[PDB]
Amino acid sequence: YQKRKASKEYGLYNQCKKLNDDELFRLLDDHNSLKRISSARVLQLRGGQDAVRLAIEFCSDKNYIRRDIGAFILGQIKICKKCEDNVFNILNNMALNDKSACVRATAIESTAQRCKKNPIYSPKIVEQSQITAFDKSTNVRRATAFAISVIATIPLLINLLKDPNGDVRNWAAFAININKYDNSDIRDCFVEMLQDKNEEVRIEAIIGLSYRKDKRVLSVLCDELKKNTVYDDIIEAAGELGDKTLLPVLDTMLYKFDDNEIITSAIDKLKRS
């Protein structure tokens, strides 16, 4: 049933590919953002020594737009084995010391890219997040959330759950669920998130608490299952929680929704054990 359509930028990206390096390099200084990014994407794809060097130099430019673009390119472009450490160090440093929060955010995302391709950088990514997770910029903290997920960081994760930004909290919780991290602190933060103003965050807290079999989610779970429009994840969490208190309502829902298979699944799980 599900499908997907090609990105709206793809067309423009293919046009950029027809251009030579010299032309792409110039486009990095275009006034349009999308134009700069598209060009850089082509550079990350074909990127050779001339593109790597230029990216590095851009990393030291007075214009933060060039620094951002250089660090972006550097996160995915191929680089010789003898320049890899230096590029990583260049990104790590910007992530921590660039005067532009935009640059810092991009650089952290680029150090993440590089680590995934070569895990030797993990230890450094951790030390890096130990300070960047506390940056004053939300973009930076957000990028830090992404970074951490690429690789304890638990304590950092916990502080991000308490972030003023909803997007940051969602990513933290999201990565905690992904790694199945669990302790009294995370559970308590999830219980509190049941009252988060951000629907997306409440959902991750609900699935997180249910996988953990923590009955403090019961009340909210019950409320969510009684809605006219219900979230599939909620129904699924209901089965994961393993508390038979939810059987009655699940049974009721069977006659409420045309496709109640997912409901039956949750019911099957409950009746077990």
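Counting begins at 1, following the sequence as shown.
So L194 and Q195 are neighbours in the shown sequence, but is anything from the deposited sequence left out between them? Give the count as none, 1 to 3, 4 to 9, or 10 or more. Nothing is missing between them.
200 to 208 set against 41 to 49, stretch whose average Cα temperature factor tops the other in the entry: Mean CA B-factor is higher for 41 to 49.
Between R187, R141, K117, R104, where does the Cα B-factor run highest in the record? In this record, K117 carries the highest C-alpha B-factor of the candidates.
Going by the CA temperature factor in the entry, name the top one among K244, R216, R67, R26. When the deposited C-alpha B-factors of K244, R216, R67, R26 are compared, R26 is largest.
How does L91 rank on Cα B-factor within its chain, lowest, middle or highest third? Tercile = lowest for this residue's CA B-factor.
Using the B-factors in the PDB entry, rank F72's C-alpha atom against the chain and give the third, lowest, middle or highest. Lowest third of the chain for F72's C-alpha B-factor.
For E109, return the chain-relative third of its C-alpha B-factor as stated in the PDB record: lowest, middle or highest. Answer is lowest: the recorded C-alpha B-factor places it there.
Entry-reported Cα temperature factor of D182, expressed as the chain third it lands in: For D182, whose C-alpha B-factor we compare with every modelled residue in the chain, the answer is the highest third.
Lowest, middle or highest third of the chain for the C-alpha temperature factor of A133? Lowest third - that is where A133 ends up once the chain's C-alpha B-factors are sorted.
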